[PDB]
Amino acid sequence: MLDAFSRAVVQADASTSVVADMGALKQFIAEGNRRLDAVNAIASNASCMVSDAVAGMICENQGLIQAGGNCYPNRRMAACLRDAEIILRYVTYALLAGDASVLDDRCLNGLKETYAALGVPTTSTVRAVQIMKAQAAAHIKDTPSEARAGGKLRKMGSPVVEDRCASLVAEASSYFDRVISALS
Amino acid sequence: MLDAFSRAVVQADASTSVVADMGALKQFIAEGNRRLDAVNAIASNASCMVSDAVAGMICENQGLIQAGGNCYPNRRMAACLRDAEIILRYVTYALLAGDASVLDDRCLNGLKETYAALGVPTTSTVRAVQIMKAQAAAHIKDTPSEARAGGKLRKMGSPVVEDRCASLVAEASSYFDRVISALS
Amino acid sequence: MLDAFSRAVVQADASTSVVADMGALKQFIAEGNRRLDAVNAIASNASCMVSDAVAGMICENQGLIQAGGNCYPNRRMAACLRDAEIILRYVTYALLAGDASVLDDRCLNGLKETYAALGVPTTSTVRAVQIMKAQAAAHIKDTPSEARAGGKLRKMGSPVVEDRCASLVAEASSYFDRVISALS
Amino acid sequence: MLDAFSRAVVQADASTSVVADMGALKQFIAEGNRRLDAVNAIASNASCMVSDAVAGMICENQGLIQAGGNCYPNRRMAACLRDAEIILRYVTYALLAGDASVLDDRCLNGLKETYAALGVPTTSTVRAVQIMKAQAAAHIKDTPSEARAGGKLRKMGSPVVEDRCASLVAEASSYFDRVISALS
Amino acid sequence: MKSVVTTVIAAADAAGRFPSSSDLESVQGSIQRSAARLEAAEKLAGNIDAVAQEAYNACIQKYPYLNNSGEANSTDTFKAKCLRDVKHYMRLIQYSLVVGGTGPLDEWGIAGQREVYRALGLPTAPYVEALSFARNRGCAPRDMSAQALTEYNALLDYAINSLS
Amino acid sequence: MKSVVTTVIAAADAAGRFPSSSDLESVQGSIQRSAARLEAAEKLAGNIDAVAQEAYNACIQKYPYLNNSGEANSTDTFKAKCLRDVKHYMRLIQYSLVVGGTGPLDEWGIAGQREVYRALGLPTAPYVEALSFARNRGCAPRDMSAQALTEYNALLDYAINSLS
Amino acid sequence: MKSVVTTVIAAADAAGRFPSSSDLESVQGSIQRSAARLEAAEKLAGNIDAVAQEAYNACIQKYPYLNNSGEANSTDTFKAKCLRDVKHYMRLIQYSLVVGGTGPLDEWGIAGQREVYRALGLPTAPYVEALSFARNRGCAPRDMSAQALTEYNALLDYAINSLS
Amino acid sequence: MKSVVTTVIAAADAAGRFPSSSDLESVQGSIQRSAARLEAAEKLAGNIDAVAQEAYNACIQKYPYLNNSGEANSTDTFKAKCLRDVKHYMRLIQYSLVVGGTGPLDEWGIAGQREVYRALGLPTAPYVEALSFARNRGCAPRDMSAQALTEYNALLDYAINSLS
Ligand SMILES: *C(=C)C1=C(C)[C@@H](Cc2[nH]c(/C=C3N=C(/C=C4\NC(=O)[C@H](C)[C@H]4[C@@H](*)C)C(C)=C\3CCC(=O)O)c(CCC(=O)O)c2C)NC1=O
Ligand SMILES: *C(=C)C1=C(C)[C@@H](Cc2[nH]c(/C=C3N=C(/C=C4\NC(=O)[C@H](C)[C@H]4[C@@H](*)C)C(C)=C\3CCC(=O)O)c(CCC(=O)O)c2C)NC1=O
Ligand SMILES: *C(=C)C1=C(C)[C@@H](Cc2[nH]c(/C=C3N=C(/C=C4\NC(=O)[C@H](C)[C@H]4[C@@H](*)C)C(C)=C\3CCC(=O)O)c(CCC(=O)O)c2C)NC1=O
Ligand SMILES: *C(=C)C1=C(C)[C@@H](Cc2[nH]c(/C=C3N=C(/C=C4\NC(=O)[C@H](C)[C@H]4[C@@H](*)C)C(C)=C\3CCC(=O)O)c(CCC(=O)O)c2C)NC1=O
Ligand SMILES: *[C@@H](C)[C@H]1/C(=C/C2=NC(=C\c3[nH]c(C[C@H]4NC(=O)C(C=C)=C4C)c(C)c3CCC(=O)O)/C(CCC(=O)O)=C2C)NC(=O)[C@@H]1C
Ligand SMILES: *[C@@H](C)[C@H]1/C(=C/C2=NC(=C\c3[nH]c(C[C@H]4NC(=O)C(C=C)=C4C)c(C)c3CCC(=O)O)/C(CCC(=O)O)=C2C)NC(=O)[C@@H]1C
Ligand SMILES: *[C@@H](C)[C@H]1/C(=C/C2=NC(=C\c3[nH]c(C[C@H]4NC(=O)C(C=C)=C4C)c(C)c3CCC(=O)O)/C(CCC(=O)O)=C2C)NC(=O)[C@@H]1C
Ligand SMILES: *[C@@H](C)[C@H]1/C(=C/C2=NC(=C\c3[nH]c(C[C@H]4NC(=O)C(C=C)=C4C)c(C)c3CCC(=O)O)/C(CCC(=O)O)=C2C)NC(=O)[C@@H]1C
Ligand SMILES: *[C@H](C)[C@H]1/C(=C/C2=NC(=C\c3[nH]c(C[C@H]4NC(=O)C(C=C)=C4C)c(C)c3CCC(=O)O)/C(CCC(=O)O)=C2C)NC(=O)[C@@H]1C
Ligand SMILES: *[C@H](C)[C@H]1/C(=C/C2=NC(=C\c3[nH]c(C[C@H]4NC(=O)C(C=C)=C4C)c(C)c3CCC(=O)O)/C(CCC(=O)O)=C2C)NC(=O)[C@@H]1C
Ligand SMILES: *[C@H](C)[C@H]1/C(=C/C2=NC(=C\c3[nH]c(C[C@H]4NC(=O)C(C=C)=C4C)c(C)c3CCC(=O)O)/C(CCC(=O)O)=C2C)NC(=O)[C@@H]1C
Ligand SMILES: *[C@H](C)[C@H]1/C(=C/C2=NC(=C\c3[nH]c(C[C@H]4NC(=O)C(C=C)=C4C)c(C)c3CCC(=O)O)/C(CCC(=O)O)=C2C)NC(=O)[C@@H]1C
Ligand SMILES: *[C@H](C)[C@H]1/C(=C/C2=NC(=C\c3[nH]c(C[C@H]4NC(=O)C(C=C)=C4C)c(C)c3CCC(=O)O)/C(CCC(=O)O)=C2C)NC(=O)[C@@H]1C
Ligand SMILES: *[C@H](C)[C@H]1/C(=C/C2=NC(=C\c3[nH]c(C[C@H]4NC(=O)C(C=C)=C4C)c(C)c3CCC(=O)O)/C(CCC(=O)O)=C2C)NC(=O)[C@@H]1C
């Protein structure tokens with residue numbers, strides 16, 4: 001796998017040239033502590049996120065838990081919970097690395113085809129990923145609502161700035177969006 | 001794998017008949033010492049042949065050692081030298097056995113597809129094989145030139161006949177041509 | 001494994017010196033065709049030797065084929081027949097090599113211990129091997145008796161010399177004796 | 001494996017108590033940069049260390065490279081050069097972790113018994129380890145002599161203090177002393 | 001036991017490598033972060049009894065049914081063991097803070113926990129609530145610095161996620 | 001298919017080696033021994049019908065019961081097939097003489113023979129007797145040179161051994 | 001490709017773990033150590049030709065025989081390739097400084113290097129000498145900061161060891 | 001130890017086989033070829049000092065730089081080991097001639113040679129030049145028969161190739 005820095009190196013090696021622009025990478029370092037917080041905000045809340053996302057996928061499409069549904073029986077519900085957590089885990093890998101390659105290589109490649117063979121509806125999967133995308137954004141910004149959290153509300157306590165890590169939110173989102181692209 | 005003799009037996013078995021025409025096979029025996037020399041001539045000079053053929057392939061195509069070239073970086077140059085040795089080794093098996101089946105079965109089968117998946121360039125692969133083909137012919141004829149060999153020239157000192165084993169030279173070349181056809 | 005020549009080499013290396021005394025080695029080559037006939041003599045009659053030897057061991061000890069006997073039931077008789085063939089096979093290897101190392105390393109090392117844990121009676125094993133030794137001697141000499149062979153007598157038709165390959169007879173016997181020594 | 005910190009944790013868990021005195025451990029952090037230089041000093045000069053030390057073991061004991069010697073022939077010398085590097089590698093691990101457990105678990109345990117079975121001479125093994133211990137100390141102090149180094153002298157260029165990291169030198173030497181004790 | 005340095009050593013050993021630049025870099029990280037997590041570690045070391053008592057109190061207040069006959073907090077032995085369990089987790093968190101990896105919590109708390117509580121009919125919700133209390137309880141700068149509290153909460157959430 | 005050259009090529013390939021000194025040497029043995037086994041292969045090629053016929057005749061005279069109703073030589077079809085089988089073995093022996101290794105016999109005759117005759121209720125003793133007759137039949141110099149006869153007999157014994 | 005972050009990600013994935021405490025600490029190392037190694041990377045970026053040229057000159061100075069007929073520095077093509085090779089290593093070192101792991105140097109320089117040089121009959125001493133010259137050449141603060149020079153020298157010693 | 005007979009035995013044993021047709025043929029080749037290779041093995045055993053001495057001299061004449069301070073032929077001890085090394089190879093070649101397989105060269109010379117020479121900074125070009133000189137040196141019938149010279153030269157080339 002690659003990270004933000006080895007990505008720049010691979011692009012430089014394509015022309016057998018030294019890496020000259022180290023500005024975008026200097027900014028990577030400058031926002032390093034932020035990035036660490038964003039990963040911490042997802043990892044720390046992963047279990048709540050996954051269960052709430054799969055439960056939300058289900059409450060929006062009851063067919064999933066009725067007769068013939070792909071979250072039925074217990075074995076399938078458990079497999080689905082597992083998958084949502086796997087996808088979230090590789091997304092957090094990508095965010096910590098600053099590069100999608102670990103997500104592409106080890107999670108998304110061949111996944112659509114795997115689900116097709118199995119009959120796992122990619123559309124419901126996309127929805128669970130959409131919910132996790134929204135969860136992640138709010139945890140990174142440290143602005144989760146009580147409405148969506150209940151007694152499970154967590155606050156991260158990271159040092160606040162006006163943009164609330166807008167760029168990292170966008171980056172995190174792009175990774176979820178890669179998942180969604182891959183399953184469509 | 002088959003050899004020259006089991007090849008004949010396979011052809012006889014196709015009509016469930018005894019092997020009666022032993023002319024070509026008594027001839028194979030009569031030229032047995034020649035064949036061992038020819039195999040000795042290639043095997044003894046194999047390292048020099050492979051490095052010179054790969055060097056030749058490169059000096060005729062500098063693209064291979066520039067950015068994006070398939071003999072770049074060190075890992076790829078090494079894999080290429082390895083492959084040239086492998087191909088030559090299986091050709092020498094074919095020549096020792098007097099039959100192409102070990103080469104077809106253990107080396108050529110599926111190789112074109114392997115190379116296509118990796119992006120190993122056919123034009124250059126064929127060229128390396130072409131040079132090894134010319135090398136082999138010269139070493140079997142025991143007429144290598146100081147011009148191509150320089151300080152590394154080797155003379156086999158085998159008993160000379162006028163034709164200089166033209167039959168074995170043609171056979172050796174046929175195996176190299178099988179490689180080329182297979183890669184084509 | 002070693003052969004007669006690599007054995008001499010190993011002893012010559014012990015004093016980092018060349019192999020100068022080619023005396024016993026020229027003799028080895030000189031007896032080459034004989035040795036080949038001796039191996040052919042055992043290999044060609046191997047099934048008859050094994051069945052006769054195991055049958056001989058049993059007719060001398062009927063306890064072996066009664067309840068509690070080590071050749072009872074069918075599975076044990078089969079195992080014993082197999083073992084006799086295995087031992088004879090390695091003895092033929094040693095004879096072909098002109099050195100015991102293959103017999104020692106691949107067959108005899110640990111066999112006493114294997115047999116003691118299984119309860120395979122050493123005395124009966126020795127007897128089977130003794131009979132095979134006597135068979136081998138006669139077949140190498142090409143003097144098997146009608147008395148012992150019955151309808152299954154085989155004559156090798158090798159070129160006769162007065163001592164009837166006494167040297168090679170003693171050698172084969174020495175290998176059998178190594179088996180008996182290791183199982184004693 | 002354990003490190004300096006988990007070793008303290010393990011000692012606290014024995015009385016199922018919290019880790020209260022972080023005195024030695026605040027000290028560990030304070031000297032952390034020194035420790036990293038010390039590991040750099042050894043890793044960066046490992047090849048020179050290993051070759052010089054094995055050649056030293058040898059020039060002090062010519063029996064090793066004569067017939068019967070444990071560094072004869074080429075294969076054994078290579079095995080020895082390998083083992084010296086392996087031991088050095090595991091010592092550097094212990095130094096980086098600040099705990100011998102990785103050295104004990106993965107390298108030293110069972111090693112005296114393995115060498116005993118092999119006939120690898122403990123007295124020579126100890127001397128090679130002795131020279132590497134001497135090398136490491138000088139490299140960690142950044143005071144190698146031109147005498148022992150010749151053209152291959154290396155200066156690390158770390159910030160100098162009076163005691164020249166006396167603590168870490170003692171720690172490093174204590175790991176080398178564990179290896180010697182394990183074998184002797 | 002998993003820490004910064006045992007993770008990179010394990011990785012290097014798997015590849016037969018000497019410590020190299022990224023290994024040393026990783027260890028510089030533990031040096032840098034040590035101040036924050038050891039601050040937490042000291043705070044927890046010096047106040048572990050009180051931290052655990054109130055967290056245990058919280059879960060029992062959340063779940064009064066545990067005091068009922070035949071339930072997990074109904075006898076004196078039970079009450080004693082439950083408080084003890086909460087304290088066990090806090091001590092392994094303290095361990096993990098010193099180490100800078102989840103190693104101690106992984107090996108001595110989490111591994112086997114589900115099997116044990118299943119066998120004993122111990123509900124996991126009280127464990128989660130006790131840890132959840134502790135997780136929401138602290139505030140910086142009153143209890144410790146913001147970064148030390150981050151380190152503390154992170155290990156609590158880690159333990160919470162292992163039961164969730 | 002096993003012969004002198006395929007064996008050493010296969011061994012060389014397993015270690016990634018070019019043919020070397022012992023491989024070339026081994027093939028010289030094929031050159032030297034070819035005269036004797038090809039003499040035998042040519043004698044057999046030219047006279048295989050009569051050779052197989054008398055071997056077949058021998059096994060039926062040893063086991064007249066095969067001619068009884070319900071037995072393996074009792075019909076015109078059974079008789080033809082039995083003689084055919086004997087000829088098959090002689091032909092594979094001819095092949096093994098040409099090749100100089102047991103490959104043809106191994107692959108096209110011995111492999112599966114025991115399952116086939118078991119499945120079909122064919123006793124093995126008449127096969128053994130047919131081959132055994134053929135093994136005892138030849139004499140040198142009458143039928144071929146002494147060394148050609150050695151090659152011929154060795155393959156017959158090899159076949160016999162495979163059924164015994 | 002090995003860096004601080006890919007090493008801990010790879011270890012977490014093998015165990016099916018989210019990034020945890022020790023993984024974030026490791027990456028904090030990258031944050032701290034990046035200034036020194038990126039300083040060296042920028043200097044190398046701006047001056048790699050001169051750095052490589054003088055390291056190449058030094059190895060030829062050490063081994064004049066390389067200029068002799070049939071030797072590896074004896075023709076114009078040979079001379080140009082040798083300098084190019086020296087520059088390859090420095091560029092890979094530049095890459096490794098940016099990444100903060102030996103990744104680029106492992107995969108694109110060291111892997112296969114022994115096989116390539118053996119095949120072409122290229123001696124390894126001049127490579128070592130060119131890298132050794134470069135190793136001993138720098139001083140701080142003239143060329144770069146002391147810690148930048150440490151990162152630079154560490155990768156040169158890494159390459160030197162891979163050839164020794 | 002690889003030879004004609006151990007190769008076919010190893011192959012037979014792998015398959016649970018008695019020695020058969022192609023095994024005995026193979027050994028016949030060793031009988032036939034032995035006269036040529038034992039001629040060489042005798043010529044070598046009786047003159048190895050002189051043969052190794054002029055080979056060594058040639059590699060030093062080719063590479064005078066080896067005599068310079070700090071180079072691999074500069075001290076008396078160093079000169080003695082290099083010649084000793086040249087003689088080692090010729091002695092393993094003598095063994096290989098006796099055996100008729102590369103086994104002795106394989107096990108006692110080639111195995112580990114790369115790791116040894118790279119560890120000690122020993123250039124391989126002079127090893128190759130010494131063997132190359134010996135390989136080009138001989139002529140027949142002057143030094144031995146043309147076939148004995150063939151056997152001699154093949155093992156020299158086999159050793160050269162292991163280093164190239
Ligand atoms: C079924 C009837 C049904 C649901 C179940 C629920 C699913 C759902 N959740 C969100 C949004 C979020 N969920 C969050 C999760 C958590 N917040 C916490 O503090 C804890 C740690 C954790 C577990 C409860 C978060 C942070 C969000 C972000 C929004 C917010 O206000 O916090 C959505 C909306 C997703 C979207 O915007 O597309 C849904 C659908 N909803 C149901 O209908
Ligand atoms: C790059 C500028 C370049 C080359 C490198 C070179 C490649 C090349 N080589 C040949 C032909 C042969 N090479 C041989 C090799 C050897 N001869 C020896 O005696 C030693 C043992 C060994 C290693 C050097 C041999 C025997 C030949 C046969 C021809 C001959 O000997 O004259 C070719 C020609 C291919 C052909 O003839 O079709 C090429 C291109 N040439 C380069 O331009
Ligand atoms: C039980 C009643 C009983 C026996 C069974 C038998 C066992 C036995 N066999 C021998 C000696 C030999 N057997 C030989 C075997 C064969 N000869 C052949 O020609 C075919 C190919 C093959 C299978 C029948 C041979 C060659 C001998 C050598 C002696 C000889 O005259 O040929 C012995 C004697 C062994 C000894 O001397 O210790 C015994 C005990 N005998 C039984 O009593
Ligand atoms: C054989 C005749 C013989 C030897 C070979 C040699 C072995 C030896 N070496 C030492 C001590 C050291 N070697 C060091 C190695 C190096 N220094 C460097 O700068 C480079 C990078 C590297 C390789 C050359 C070092 C650092 C030392 C420490 C001492 C010092 O630097 O001065 C010893 C002494 C061991 C001891 O003290 O017990 C020996 C024996 N000596 C030989 O006689
Ligand atoms: C968006 C992600 C957040 C947010 C993040 C910010 N974090 C800032 C600083 C900061 N964060 C940490 C913790 C981090 N570093 C580590 O080493 C580890 C664990 C190993 C972690 C989790 C530290 C140490 C620091 C620096 C100290 C400090 O500044 O207090 C930060 C300020 C710096 C910057 O602007 O980049 C921000 C903005 N803040 C937000 O607004 C949302 C909620
Ligand atoms: C084309 C390949 C050559 C060439 C070859 C010839 N070799 C001839 C004879 C010969 N070769 C050997 C060595 C060979 N036999 C072995 O057993 C082994 C290894 C175990 C080897 C390498 C021997 C023993 C002999 C026979 C003795 C002799 O003639 O000295 C030969 C003559 C016979 C024939 O015509 O077939 C030829 C022609 N000759 C050439 O012109 C090119 C260069
Ligand atoms: C004791 C074993 C025997 C005996 C053996 C003799 N064999 C003699 C010569 C001989 N044998 C063979 C066949 C052998 N050579 C091969 O290459 C192969 C298979 C590939 C085999 C089985 C040959 C070719 C020859 C040489 C030609 C000939 O002599 O007809 C032999 C005479 C040579 C010598 O004295 O060593 C003997 C004595 N003789 C005996 O009396 C017992 C029964
Ligand atoms: C005994 C080992 C040495 C010695 C060591 C000292 N090093 C000191 C400071 C220092 N070293 C480094 C490099 C190290 N830290 C890293 O993060 C990495 C790679 C990731 C490495 C290799 C740094 C960054 C520092 C601190 C900055 C500086 O001081 O320039 C040091 C001074 C601090 C202290 O006293 O502990 C010492 C003494 N010094 C010696 O005398 C011997 C040769
Ligand atoms: C949950 C959001 C989904 C859903 C998921 C199901 N997935 C099922 C099986 C399954 N899933 C994967 C992909 C997963 N494994 C991996 O290794 C990786 C990445 C490294 C991922 C993403 C695989 C390979 C398999 C098959 C093997 C297995 O069972 O683990 C599954 C069971 C299918 C069945 O048995 O019928 C389900 C139910 N299903 C849903 O309804 C939502 C949309
Ligand atoms: C060099 C300083 C010694 C010496 C060393 C030899 N060791 C030989 C074999 C050998 N060594 C080890 C231990 C090594 N392998 C490991 O996995 C680890 C720790 C992780 C270590 C330290 C083993 C297991 C073996 C056997 C397997 C193998 O050969 O790799 C050896 C060869 C002995 C032989 O085969 O005859 C030597 C020469 N010998 C010396 O003379 C000096 C004192
Ligand atoms: C408190 C939040 C709970 C509760 C807990 C009880 N636990 C009981 C027994 C028990 N607990 C553990 C886990 C503990 N031991 C350890 O070694 C570690 C980590 C190092 C931990 C967290 C174990 C292994 C056991 C069984 C062995 C033992 O008796 O200690 C327990 C007694 C139940 C019984 O004996 O059946 C209780 C009551 N009780 C509560 O009300 C909430 C749910
Ligand atoms: C040696 C003198 C024997 C002996 C030999 C006799 N064989 C007789 C006839 C015969 N033998 C065969 C088999 C033979 N022909 C082959 O083509 C091959 C191998 C390819 C072999 C082994 C056949 C087919 C025949 C009939 C045709 C013919 O006459 O050759 C024979 C004539 C009398 C008879 O049929 O029995 C003799 C005397 N007889 C002996 O008693 C000694 C020991
Ligand atoms: C410390 C004062 C040293 C010392 C240093 C000198 N270096 C000189 C020239 C020089 N050095 C380099 C390598 C340097 N440039 C780089 O770009 C990088 C890494 C990216 C490094 C390590 C170059 C290319 C040059 C030539 C161009 C230049 O002048 O910078 C130098 C001038 C005289 C000379 O060439 O030797 C000095 C004095 N010299 C010392 O004696 C102490 C130990
Ligand atoms: C053939 C016409 C060559 C040629 C041959 C010459 N060789 C001369 C001397 C010489 N050669 C060797 C190597 C030889 N001795 C051995 O023991 C072995 C193998 C074990 C071999 C290959 C030695 C050791 C010597 C010196 C002792 C001696 O004279 O026998 C030679 C005499 C002058 C000289 O030293 O060069 C000749 C003429 N020379 C040629 O030009 C053609 C091509």
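Lettering of chains follows the sequences in order, A, B, ..., and the numbering in each one begins at 1.
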Given the rule in the side-chain contact (heavy atoms from CB on, under 4.5 Å) test, do B/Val54 and B/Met77 qualify, once you have shown the distances and angles that lead to the verdict? CA-CA 9 Å; B/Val54 175; B/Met77 179 75 187; 3.6 Å; yes
Nearest non-hydrogen partners of A/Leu25 and A/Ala8, listed with the distance: CD1-CB, 4.0 Å
If we ignore hydrogens and angles and just use 3.5 Å, is the side chain of A/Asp3 paired with the main-chain N or O of G/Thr6 as donor and acceptor? no
Which heavy atom in G/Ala45 sits nearest to a heavy atom in A/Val18, and how many Å separate them? O-CG2, 3.9 Å
Could you state the interatomic distance from NZ (D/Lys152) to CE (D/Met49), rounded to the nearest 0.5 Å? 12.5 Å
Sub-4.5 Å side-chain heavy-atom contact between A/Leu111 and A/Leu108: yes
Taking atom types as modelled, find out whether G/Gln147 and G/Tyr152 have a side-chain donor-acceptor pair closer than 3.5 angstrom. no
Are G/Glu54 and G/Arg137 close enough for a salt bridge, meaning some N to O gap below 4.0 Å? yes
Spacing of G/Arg118 atom CZ and B/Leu81 atom CG [to the nearest 0.5 Å]: 10.0 Å
Tightest non-hydrogen contact, residues G/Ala140 and G/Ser145, listed as CB-C, 3.6 Å
Nearest heavy atoms of G/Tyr95 and A/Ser17, plus distance in Å: OH-O, 2.6 Å
Please work out whether the ring planes of A/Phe28 and A/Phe5 are parallel, tilted or perpendicular, with thresholds of 30° and 60°. perpendicular
Assess the pair G/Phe133 and G/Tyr56: is the distance between their ring centroids shorter than 6.0 Å? no
Assess the residue pair A/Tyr175 and A/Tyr90 against the criterion (ring pair (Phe, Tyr, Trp, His ring centres under 6.0 Å)); give the C-alpha distance rounded to whole Å, side-chain angles, the decisive distance to 0.1 Å, and a yes or no. CA-CA 9 Å; A/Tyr175 295 138; A/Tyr90 279 102; over 10 Å; no
Qualifying residue for side chain to side chain donor-acceptor pair (under 3.5 Å) with B/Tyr115, from B/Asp83, B/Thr122, B/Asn70, B/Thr125: B/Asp83
Nearest 0.5 angstrom please: G/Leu156 CG to G/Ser96 OG, how far? 10.5 Å
Rounded to the nearest 0.5 Å, how far does CE of G/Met144 lie from OG1 of G/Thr150? 10.0 Å
SB check A/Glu31 A/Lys26 (cutoff 4.0 Å): no
Any side-chain heavy-atom pair of A/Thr16 and B/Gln66 under 4.5 Å: no
Between A/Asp99 and A/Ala4, the two heavy atoms sitting closest are CB-N, 4.0 Å
dist D/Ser158:OG -> D/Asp37:CG (nearest 0.5 Å) comes out at 5.0 Å
Does the pair G/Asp23/G/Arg17 count as a salt bridge with the N-to-O cut at 4.0 Å? no
Salt bridge or not between G/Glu107 and G/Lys2? Use side-chain N to carboxylate O under 4.0 Å. no
Under the side-chain contact (heavy atoms from CB on, under 4.5 Å) criterion, do D/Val50 and D/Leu88 qualify, and how do the steps go? CA-CA 8 Å; D/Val50 162; D/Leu88 185 60; 4.1 Å; yes
If you compare all heavy atoms of A/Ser101 against all heavy atoms of A/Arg7, which two are closest, and at what distance to 0.1 Å? CB-NH2, 3.6 Å
Check step by step if side chain to side chain donor-acceptor pair (under 3.5 Å) holds for G/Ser30 and E/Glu25. CA-CA 6 Å; G/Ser30 290; E/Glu25 275 207 12; 3.3 Å; yes
Test: G/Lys43 and G/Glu39 ion pair at under 4.0 Å: no
Ring centroid separation G/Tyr158 to E/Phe18 under 6.0 Å: no
pair H/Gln113-H/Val116: side-chain heavy atoms closer than 4.5 Å: no
